[PDB]
């Protein structure tokens, strides 16, 4: 069954810089645009925030069609959530990078994993370049998202 807010397990999973897949739609193409991102934060049971680089083609995409879908791992499954009323917002915090910040309200949360299976192990991601500075940057962005 489809839910319309996040569980506690899912908020936990979406508040620790998880690997998620952001899916958006460009009127120009017949297929959706996908990005893997980790600068994501579940502010509460119905609110998702994320940060992207300000020069991203996503800025226009999200302005034109203020909807997104995230695929994420939580519990022992894979879920999708979809947000509407997606809006850019701004922080008074110092920006460490030129980023655009987004917020959306959750409309649906669906368990998308096939029948009879479960995820024993979620993906693990590491930094391949500049690890110590890159981790501190992730924390700075997280702090802005949670503000």
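Residue numbers count along the first chain shown, from 1.
Comparing 19 to 27 with 126 to 134, the stretch with the higher mean C-alpha B-factor in the PDB entry is 19 to 27. A summary of the deposited B-factors shows that, of 28 to 36 and 95 to 103, the stretch with the larger mean C-alpha value is 28 to 36.
For the set 112, 58, 48, 81, the maximum C-alpha B-factor listed in the entry falls on 58. In the deposited entry, the Cα temperature factor of residue 6 places it in the lowest third of its chain's modelled residues. In the deposited entry, the Cα temperature factor of residue 119 sits in the middle third of values across the chain's modelled residues. When the modelled residues of the chain are ordered by their C-alpha B factor, residue 86 lands in the middle third. Ranked by C-alpha B-factor against the other modelled residues of its chain, residue 62 falls in the middle third.
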